[PDB]
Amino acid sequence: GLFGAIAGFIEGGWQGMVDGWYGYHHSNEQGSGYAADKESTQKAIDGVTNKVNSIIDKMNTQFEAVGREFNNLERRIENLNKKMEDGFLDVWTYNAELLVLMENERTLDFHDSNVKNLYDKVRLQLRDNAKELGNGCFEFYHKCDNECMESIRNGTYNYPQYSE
């Protein structure tokens, strides 16, 4: 991917996480688990939903072919009618197919982006107090109970806690 996260430094996705698009797996003395990051997940949902509705709403006034009949001595204008309606049909078909391809790719790199920025969010917080394994995981130098984990999830992690 463009941002290196999905199928990048993170090997694969989590079959385990079911309440969100991106999130955390934590492991401590109280146990292990998955949690979904609501802010980035929700914002992603709004992004893609609005993309779908924009794509749909921009093509609500396309081109409707109506039927015209011509006689045996109106072949020139009959051909004109046919060629014009085919023409419009073709510009609109092209537009639809193209838009879908483009915005599909934008969507994928958008999710990849969201993942990397989440990872950077935790990284920027833990600075010294954990080590980057290299695969999306941080190994703490201190004990991190559930409250500390949640403090990292909501963004309030109190760094003032040594680690050597």
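Numbers follow the displayed sequence, beginning with 1.
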As the entry reports it, the stretch among 107-115 and 53-61 with higher mean C-alpha B factor is 53-61
Would you mind comparing 44-52 and 94-102 for me and telling me which has the higher average C-alpha temperature factor in the entry? 44-52
Can you tell me which of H26, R68, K121, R127 has the highest Cα temperature factor in the record? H26
Quick check for you: using the entry's CA B-factors within this chain, is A7 in the lowest, middle or highest third? highest
